[PDB]
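Visitor: opening with a subset of the complex:
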Amino acid sequence: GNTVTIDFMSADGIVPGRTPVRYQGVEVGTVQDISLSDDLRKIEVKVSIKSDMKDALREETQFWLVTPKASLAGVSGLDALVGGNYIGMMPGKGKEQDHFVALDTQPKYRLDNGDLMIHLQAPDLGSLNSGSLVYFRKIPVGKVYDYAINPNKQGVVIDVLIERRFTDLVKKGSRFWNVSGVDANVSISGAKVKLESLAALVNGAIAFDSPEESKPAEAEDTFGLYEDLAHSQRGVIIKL
């Protein structure tokens, strides 16, 4: 029932009656009031919070607006059928605090539930969105968690998440290749144009290999994202 004054940036999808505040899945609070500070244009939101979270409500409690992920409905303007955005929250130790500034993005993954974080370095994002899938032999075994730019502008770092029971699949010699969008070919004496994975065509996908000999990779081990399965082939380089 306690109200906390958080100055968000822009109150685009925030409803004063139904916008929830979820802590890692569980709806903990509900947005009560929105006013504005004309000073620096700070959209001050007051949210009711259950007493269980009031104990850990401390200075390093991070709030960030979680919008629904982009898809066909979002890009087609069918905003009535997409879903309501909410406020994600991750508390810290800090000091007992009643005013918070919004984070512009979701912070880093910190859950220790046995799932695997790994990092893929790519020249660009490609056709991967947040929540696009990871396949082992077209079996989804994880999803894209987040993407960002490395401080050097010459890369893109994508950190992806692997389910706990599939963590043994990722070896040190594993190779990851992009499978996103469709390419057609017109060959001689026949043009074998075929489509298999429709969800990849919509949202993008990564597919990865597991050699039988390497040690199991772990703990944010970096990898290189090959642009194609063909570019991921394990051959031998010969200089000419």
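Guide: Structure's in. What do you need? Numbers count the residues shown, from 1 in each chain, chains lettered A, B, ... in the order given.

Visitor: endpoint to endpoint, stretch A:184-196 covers what distance?
Guide: Terminal residues of stretch A:184-196 lie 12 Å apart, using CA to CA, to the nearest Å.

Visitor: can you list contacts of that stretch?
Guide: A:138, A:182, A:201 (CB atoms under 8 Å, 6 or more residues apart in numbering). Just so you know, the C-beta spots here come from the backbone N, C-alpha and C atoms, and that holds for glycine as well.

Visitor: distance of residue A:87 relative to residue A:25?
Guide: 13 Å (CB to CB, to the nearest Å).

Visitor: more crowded one of these two?
Guide: residue A:87 (23 against 7; other CB atoms under 10 Å).

Visitor: for that one, pull up the helix or strand it's in.
Guide: Following DSSP states H and E, one finds residue A:87 within strand A:86-90.

Visitor: quick one: secondary structure of the closest residue in space to residue A:137 that isn't next to it in sequence?
Guide: Excluding its sequence neighbours, the residue lying closest to residue A:137 (CB to CB, 6 or more residues apart in numbering) is residue A:207, at 8.0 Å. With DSSP: H, G, I helix; E, B strand; the rest coil as the basis, residue A:207 sits in strand.

Visitor: identify the residues contacting residue A:207.
Guide: A:134-138, A:176-177, A:179, A:229.

Visitor: can we see that at 6 Å?
Guide: A:135, A:177, A:179 (CB atoms under 6 Å, 6 or more residues apart in numbering).

Visitor: by neighbours, which of those wins?
Guide: residue A:179 (21 neighbours).

Visitor: still on that earlier bit, pull out the buried residues from the contacts of stretch A:184-196.
Guide: Taking 16 or more other CB atoms under 10 Å as the criterion, nothing in the contacts of stretch A:184-196 is buried.

Visitor: ok, those vs residue A:106, which is closest?
Guide: residue A:201 (26.2 Å; CB to CB).

Visitor: helix/strand/coil for the closest one?
Guide: helix.

Visitor: so how far is residue A:184 from it?
Guide: Distance from residue A:201 to residue A:184, by CB to CB: 12 Å.

Visitor: repeat that for residue A:120.
Guide: In terms of CB to CB, residue A:120 sits 26 Å off from residue A:184.

Visitor: which one of those two is surrounded by more residues?
Guide: residue A:120 (22 against 9).

Visitor: is it true that the more buried one lies in a helix?
Guide: No. Applying three-state DSSP, one finds residue A:120 to be strand, outside a helix.

Visitor: my guess is it contacts residue A:223. True?
Guide: Yes. Using CB atoms under 6 Å, residue A:120 is in contact with residue A:223, at 5.0 Å.

Visitor: what's the overlap in contacts for the two?
Guide: residue A:176.

Visitor: what residues are up against residue A:106?
Guide: Per CB under 6 Å, 6+ apart, neighbours of residue A:106: residue A:64.

Visitor: add chain B to what we have:
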Amino acid sequence: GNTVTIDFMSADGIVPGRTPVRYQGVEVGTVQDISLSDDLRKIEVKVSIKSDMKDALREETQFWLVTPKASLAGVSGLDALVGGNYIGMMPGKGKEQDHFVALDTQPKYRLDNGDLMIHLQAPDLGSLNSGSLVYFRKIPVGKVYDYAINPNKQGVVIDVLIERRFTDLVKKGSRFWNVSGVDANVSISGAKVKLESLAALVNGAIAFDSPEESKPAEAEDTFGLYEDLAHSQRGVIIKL
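Guide: Placed with the earlier chains, chain B looks like this:
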């Protein structure tokens, strides 16, 4: 009316008022409360359960989150039109128990209603989803029950379900071939591109043969999934 504390992992689609708990089709309970244990991040859910199931509510009672199956609506972000996830349950003998840990997946099929479980070993899943269909002469006679990886990483095992009245179709000499996605050809003096089965193009399909001479297969008999009808042709191998 009894409440049972089950520590789920993540409370993504779980609603404190309308998420049901179904036992093999029949809604038996309804989710009442969700709290969290900050210790190990265990999302503790309390569910009302009718008294009939309270007798068999025992230590080997398995609960697992059943999400709606992936489709065009799910991949396009039209989550309002997909359907609400629920909690599947299969009880065991065990001992009378009031606290349960979630299963990460649906357990093995155990119903003895005369339907047939068989296993297909494939190099990869292909374009098959859960619930993709099985055809005898483009008549649906069963669906894909589950897929998994064999302990050797060099395969994928798909166990599929055959309806009771069609159990006589599967002989020991039966052959299963993938029919999923569309392939086009550009031939000489005409390019005969044709499409027939749209549901296969959306979700994937398996089609199988029935020789008239073999004994009727039964009881988790393994089979080999050919990638195509052409690869499933019953010829004679000649070494050259």
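
Visitor: please look at the nearest residue to residue A:137 again, because chain B has been put in.
Guide: residue B:124 (3.4 Å; CB to CB, 6 or more residues apart in numbering or on different chains).

Visitor: how far away is that neighbour from residue B:157?
Guide: Applying CB to CB to residue B:124 and residue B:157 gives a distance of 11 Å.

Visitor: now do the helices in chain A.
Guide: Here chain A has its helices, by DSSP state H, at A:51-54, A:72-75, A:198-203.

Visitor: most packed of the ones you listed?
Guide: helix A:198-203 (a mean of 21; mean count of other CB atoms under 10 Å in any protein chain shown).

Visitor: check contacts around the closest residue to chain B within chain A.
Guide: Using CB to the nearest CB, the closest approach of chain A to chain B is made by residue A:71 at 2.6 Å. Each residue near residue A:71 by CB atoms under 6 Å, 6 or more residues apart in numbering or on different chains is listed here: B:76-77.

Visitor: rewinding a little: for residue B:36, which of the helices of chain A is the nearest?
Guide: Proximity to residue B:36 (CB to CB) singles out helix A:51-54 among those, at 7.7 Å.

Visitor: ok, back up a step: give me the more crowded residue out of residue B:124 and residue B:157.
Guide: A direct count of neighbours by other CB atoms under 10 Å in any protein chain shown for residue B:124 and residue B:157 places residue B:124 higher, at 18 against 15.

Visitor: phi, psi of the more buried one?
Guide: phi -150, psi 170 (degrees, to the nearest 10).

Visitor: which residues touch it?
Guide: Listed by CB under 6 Å, 6+ apart, the contact set of residue B:124 reads A:137-138, B:156.

Visitor: what is the nearest of these to residue A:240?
Guide: Among these, residue A:137 lies closest to residue A:240 (CB to CB), at 34.4 Å.

Visitor: bridging residues for residue A:162?
Guide: Applying DSSP bridges to residue A:162 gives these bridge partners: residue A:116, residue A:142.

Visitor: gap between it and residue A:221?
Guide: Distance from residue A:162 to residue A:221, by CB to CB: 11 Å.

Visitor: the two - which one has more neighbours?
Guide: A side-by-side neighbour count of residue A:162 and residue A:221, using other CB under 10 Å, places residue A:162 first with 23 against 14.

Visitor: that one touches residue A:142, doesn't it?
Guide: Yes. Counting by CB under 6 Å, residue A:142 is a contact partner of residue A:162 at 4.1 Å.

Visitor: distance between the ends of stretch A:186-193?
Guide: Distance between the two ends of stretch A:186-193: 7 Å, counting by CA to CA.

Visitor: and if you look at stretch A:105-117?
Guide: 18 Å.

Visitor: quick check: buried residues in it?
Guide: Going by neighbour count (16 or more other CB atoms under 10 Å in any protein chain shown), the buried part of stretch A:105-117 is A:115-117.

Visitor: show me how far it is from its chain's centre.
Guide: The chain centroid and the centroid of stretch A:105-117 are separated by 10 Å under CA atoms, centre = their mean, to the nearest Å.
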